[PDB]
Structure formats: C-alpha cells, structure tokens
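Visitor: Take this sequence and fold it.
(one chain, ligands or ions: 1)
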Amino acid sequence: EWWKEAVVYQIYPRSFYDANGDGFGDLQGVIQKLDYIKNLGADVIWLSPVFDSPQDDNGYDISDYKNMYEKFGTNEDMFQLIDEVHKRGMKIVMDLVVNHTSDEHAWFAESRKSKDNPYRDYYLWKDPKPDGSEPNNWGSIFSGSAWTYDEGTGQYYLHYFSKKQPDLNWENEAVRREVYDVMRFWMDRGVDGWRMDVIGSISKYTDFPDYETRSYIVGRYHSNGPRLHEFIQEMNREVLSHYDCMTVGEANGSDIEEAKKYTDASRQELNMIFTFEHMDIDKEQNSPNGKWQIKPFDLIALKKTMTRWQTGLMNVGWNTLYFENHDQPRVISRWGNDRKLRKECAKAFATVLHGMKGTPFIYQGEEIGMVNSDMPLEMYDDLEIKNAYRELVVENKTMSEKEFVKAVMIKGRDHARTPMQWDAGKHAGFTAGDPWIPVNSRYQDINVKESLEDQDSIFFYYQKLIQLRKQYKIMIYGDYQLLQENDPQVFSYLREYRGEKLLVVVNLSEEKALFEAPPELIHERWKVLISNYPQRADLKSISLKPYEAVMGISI
Ligand SMILES: O=C[C@H](O)[C@@H](O)[C@H](O)[C@H](O)CO
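Guide: Residues are numbered from 1 along each chain as shown. For reference, the structure is listed below:
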C-alpha cells in the first residue's frame, strides 16, 4: 500500500523537456529531469501517453500500444526511462487508454473494411435509422454526433470523443484479452501501474437508447455502464493481481457512491479514482455549452464537494487529490489571483489540497505557479476548442464569440500544455529549437531556476508539504472534519489520528479573514508546520492576510 503514501507528479511529456532539439518534449528530456522531480519529493511519476498516435488528441488516440510515437523516441528510450526511474527509487505509472483507439490503429483499419472482417466487432457498429440518420442522439464530448458514417459498409461507428477515436467493444472477449496482453507487456517490463483514461465509459448500454428531448446529448449513458465494474474486476483478476502495482481511474461521471464501487479494497477493482465533481463547480449543471458555460469560483461549493468526498471515502476506499492536470487550466488563474498574490494563492490552494486524506497529484508546473496563457484563439492547438468553436459559436449560436473566448481563456486545456518553464532564457529553456506551441509570455518571472533560488518560492512550499507528509503519518491516515463551513472566505478543517490533531486554515480570498477555532479546540497547543507568511503558534484566533495558509499540529 505504498500508493497511499505516494505523491504523484504528472508529466505531459510533449511539453516537459526537449532534450533532442526538435521543439518537442521527449523521453530523454524526461530522463534528464528525474533528479528535479525527486528533489521536489514526488516518488511516483505518471506519464501522459507516449504510444504511437497520429496526435488528433495528443497521444490519447493510440495507433500502436507496443511502440512509442517517433517524436518521443524509441522503445529503447522508454525502457531506459523505466530503469532511470527505478534507479532513483521512484515508480512510473503509464496512461492506459482503452475506451477507444485511433482510427489508424491496425484493428480499426481492418474493422472498417467489411462486416465480415475478423476485427469488425472490435468496435461498435450500428445501422442507420430508417431515415438514414444516426442510430441515436448521443453526442461526442468533443462536439457533434457520437456516430460517424462509413459509406463503404453503410453503418455508423461509435465515438464518445473525436471521429478519429473509435470506441472499443468491451462486450467482445477478444478486445478485453487484447487489452490485458497490452497491460502485461508493459508491466513485465517494469511499468508500476496505470492511470486509466475515461475508464468510466468502457461499458455501454448495448441497446443505445436515445435521451429524452437540442440535437446531440451527452449524459448518464456515457458512463457507469451495467458491466463497468464487471470488466474492471476481470482486469484485476487477469492482470492487476499478478503485479505489485498502483491504479488510478479517470472516473468520468463518478459520484461518491460510484467511487466506492471503484475503490473499496474488498471489491478488488482499483486503488483510487479521479473525480470531476470538484472540477464541475464552475459550470452550469446542464447547458448546451457544457464546461464553457462558466460560473464564478464558489468557495462554499468547493468545501461542500471536497468534504463529501473526504467523509465518503474516509474509512473505505481511497481519494485522489488534484486541482491540475493536462485537461484542466491552472487553478490559480481559474479560481484565484495569478498576479500580485500569485505565490500566496498557489500556496493556499496547495495547502488546502495536501492537508487532506488521499494521494496528492502535482501537475508539471503547478509547483512553480505556472499560469494561464494570454495567447490568441488561433494559437490554441486542442481539437476540443476548434470543435466547440464551430458548434457553439458558428452553427448553433449558443455562445457569442466574445463569450466563447472568455471561457477558453479560463478553462482551455492548452493552459496546461504550454511548455514547462525551466529558466528565463529562450523558450524558458524548454527547447533549443522552436517549441510545438509557444511558451507562456510570463516565463521570465515564473520558472524553475528562479524558484530554486527564492527560498520563499512555491517550489520550496510544495517540497515542504511533501516532506511533512512523509514525517507526519496523520497527514496520510487521519480522519477529516470540516470547520466553520459557512465561512465565505476561509477553508478550514481538522485531521485526527491516534490522539494527535492537524488543523488546516486557508483563506481563499484576497481580503483579510478571521479564523476562530471551535470551543473544543480553544485550549489545544499547536506547532505551526507550514505557512505562506511569517508566523506565535496561538491558533484559537487568527487574523488571516490575503490567501494566508496555516497548517498546525497539536502538541
Ligand atoms: O474535456 C476533457 C477530455 O474529454 C478528457 O477527459 C479525455 O480523457 C481525453 O480526450 C482523452 O481521451
């Protein structure tokens, strides 16, 4: 159960470090930066997908599960990355993307040829409706229909995501055996675990029922299918149980109840899952514009959501802790202050997250306070944006252009994909060539070199938070309790374990705030473990400065 005590660093390798000088982040670049990650303190790295792919969705549309995409390097580089990680006492978690493949996968190239092709059923084909339209009104997460017509066989194929990401048919035993062969291949060669991409979708309602009704709908059939957990349970039986490993599911559509199904140790499925519920706090529940129909940051909602998850898996299953990844913007730009108070705010949000129960995940650049980009709309790369622009702005007109741009500047996935900022030199030292996407214009004041020089840096604050987690077992095994829950500025909570208490008090606003400990904690004595300002250790009453974070342990 080393995975309970781990801190995971997520690398998006095409934007981490270009060792070879082609403007593209590569595996040798990752190897060169292992020392830096270890120095931060993470003991597990999860690497976004580096398998062969036409890059329609930047790695998540795989055309070969057993070879690297050329621009990352070869398999000899990957096996070397694996050995270099293990050498440093670290673990490596690869991204398992098996809800769908690339339409350029060998399997799909055969499958599309005819109905009588051996691979036809590796994927999900349906006849049109009598009037020629799609088998149902299901939409793609990336806009338009979830169904694409093949003139050659007169049938549609299913894709929850891009037209170039046909969904696999998990009902087919051949397809599952194929996936397990892929997992076995890599785990035999030292991969310590998997992050499972949209694992919540692998089971379909095989009757493909319409939604009630404007034109295409994404909803409850797109996840949590009737055989989801059956399949995962088989995966565990056939594979995960043969190795000392770690598993984290990207559980799209997951609520607390579903989380227990995934994570309850007794069910022998997965160790932990990512949820979206705390990420969904700043969108309207059901608008045709989805994630792009944005709501202001609501602290109460954040507290309510995260707390439900802390208490829900408090004594059963296990939580993941994250605010950033390659699918999310920079949390400080999204929900806080990324200018004058950038460091305080980054530290605030870190403290809130790291003081909780579960496994923390640090997204590359989170640890130095990277921010959202001011790049123009035409400079974004993500297919999700271009597709949404076309649907929401051009065709349906459910968002003005100005409104669509505001939304992308807050929530566009590309805010997480501009290259990692290493120093203040050309392309922030990411590359000696021309980067695949431009570096954020603020890199000169926000980078690793300046961070490692400044003792007041966000980097050292993260380093210290990781150190404290290894030193104080209460941070890993304590329970959780929300305090002052109605406070519109302060997020405070308590952890308790074996007679010891850990009090976390974080002001997530730009104004002064007042924390007053509940009556029953008034006569506790505290040792301050960390704070983003200079700090008596007298915590019965704290006048909190803008974005001030305090973590204290009872003595
Ligand atoms: O909007 C977020 C994305 O839909 C993401 O969660 C998918 O996992 C990705 O495209 C890989 O398939």
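
Visitor: burial count for the residue in the chain that the ligand sits nearest to?
Guide: Of all residues in the chain, residue 60 sits closest to the ligand, at 3.5 Å by C-beta to the nearest ligand atom. Just so you know, the C-beta spots here come from the backbone N, C-alpha and C atoms, and that holds for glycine as well. Around residue 60 there are 23 other residues, counting by other C-beta atoms under 10 Å.

Visitor: ok, it - contacts?
Guide: Residue 60 is in contact with 49, 53, 95, 97, 161, 165, 197, counting by C-beta atoms under 8 Å, 6 or more residues apart in numbering.

Visitor: Do I have it right that the fourth one meets residue 62?
Guide: Yes: in terms of C-beta atoms under 8 Å, residue 97 counts as a neighbour of residue 62; the distance is 5.6 Å.

Visitor: Pull up the overlap in contacts between these two.
Guide: Residues touching both residue 97 and residue 62 by C-beta under 8 Å, 6+ apart: 49, 51.

Visitor: And the residue positioned nearest the centre of the chain, how close does it get to residue 316?
Guide: For the chain, residue 325 is the residue whose C-alpha lies nearest the centre (C-alpha atoms, centre = their mean; 4.0 Å). From residue 325 over to residue 316 the distance is 25 Å, taken as C-beta to C-beta, to the nearest Å.

Visitor: Can you name the residues of the stretch 201-350 of the chain that neighbour the ligand?
Guide: residue 327 (C-beta under 6 Å from any ligand atom).

Visitor: the strands in the stretch 201-350 of the chain, which residues?
Guide: 246-250, 272-274, 320-321 (DSSP state E, counting those that start in this stretch).

Visitor: CA-only coordinates of stretch 208-221 in PDB, if you can.
Guide: C-alpha atoms of stretch 208-221 as PDB (Å, rounded to 0.1, in the frame of the first residue of the first chain):
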ATOM      1  CA  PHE A 208     -28.100   2.500 -27.400                       C
ATOM      2  CA  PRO A 209     -31.200   4.200 -26.100                       C
ATOM      3  CA  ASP A 210     -32.000   7.800 -27.000                       C
ATOM      4  CA  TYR A 211     -32.000  10.600 -24.400                       C
ATOM      5  CA  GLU A 212     -35.300  12.500 -23.800                       C
ATOM      6  CA  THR A 213     -35.700  15.800 -25.600                       C
ATOM      7  CA  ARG A 214     -31.100  20.100 -28.500                       C
ATOM      8  CA  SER A 215     -29.700  17.800 -31.300                       C
ATOM      9  CA  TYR A 216     -26.900  15.700 -29.700                       C
ATOM     10  CA  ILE A 217     -26.800  15.000 -26.000                       C
ATOM     11  CA  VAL A 218     -24.100  13.800 -23.600                       C
ATOM     12  CA  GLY A 219     -25.400  12.400 -20.300                       C
ATOM     13  CA  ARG A 220     -25.700   9.400 -18.000                       C
ATOM     14  CA  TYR A 221     -25.400   6.600 -20.600                       C
END
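
Visitor: what comes into contact with it?
Guide: With contact meaning C-beta under 8 Å, 6+ apart, stretch 208-221 is reached by 126, 135-141, 144-146, 204-205, 253, 288, 290, 396.

Visitor: Now do the buried residues in it.
Guide: Across stretch 208-221, burial judged by 16 or more other C-beta atoms under 10 Å covers 208, 216, 217, 218, 221.

Visitor: What residues does the chain have near the ligand?
Guide: Residues of the chain lying near the ligand (C-beta under 6 Å from any ligand atom): 57, 60, 141, 161, 197, 198, 327, 384.

Visitor: okay, now residue 429: neighbour count?
Guide: For residue 429, the neighbour count with other C-beta under 10 Å is 20.

Visitor: So it sits against residue 423, correct?
Guide: Yes: proximity of residue 429 to residue 423 meets the contact threshold set by C-beta under 8 Å, at 4.0 Å.

Visitor: Find residues that contact each of these two.
Guide: Jointly contacting residue 429 and residue 423 under the rule C-beta under 8 Å, 6+ apart are 447, 449.

Visitor: re the thing from before, same list, the buried residues of stretch 208-221, but as CSV with distance to residue 354 please.
Guide: Output for these, formatted as CSV (distance: C-beta to C-beta, whole Å):
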residue, distance to residue 354
208, 43
216, 40
217, 38
218, 33
221, 36
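
Visitor: follow-up on the earlier one: narrow the contacts of residue 60 to those in strands?
Guide: Counted as lying in strands by DSSP state E, out of those, are residue 95.

Visitor: Could you dump the contacts of residue 60 into a markdown table with distance to residue 478 and neighbour count added?
Guide: Shown next, in a markdown table, are those (distance: C-beta to C-beta, whole Å; neighbours: other C-beta atoms under 10 Å):
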| residue | distance to residue 478 | neighbour count |
| --- | --- | --- |
| 49 | 35 | 25 |
| 53 | 42 | 25 |
| 95 | 31 | 20 |
| 97 | 35 | 27 |
| 161 | 39 | 23 |
| 165 | 41 | 26 |
| 197 | 31 | 25 |
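
Visitor: Now the terminal residues of stretch 326-341, how far apart.
Guide: Stretch 326-341 has an end-to-end distance of 24 Å (criterion: C-alpha to C-alpha, to the nearest Å).

Visitor: show me the contacts for the nearest residue to residue 491 once chain neighbours are set aside.
Guide: Among residues not flanking residue 491 along the chain, residue 506 sits closest, at 4.9 Å (C-beta to C-beta, 6 or more residues apart in numbering). Listed by C-beta under 8 Å, 6+ apart, the contact partners of residue 506 are 348, 349, 351, 352, 490, 491, 492, 547, 548, 549, 550.

Visitor: Pretty sure the fourth one sits in a strand.
Guide: Same thing as residue 352. No: under DSSP: H, G, I helix; E, B strand; the rest coil, residue 352 falls outside any strand and is assigned helix.
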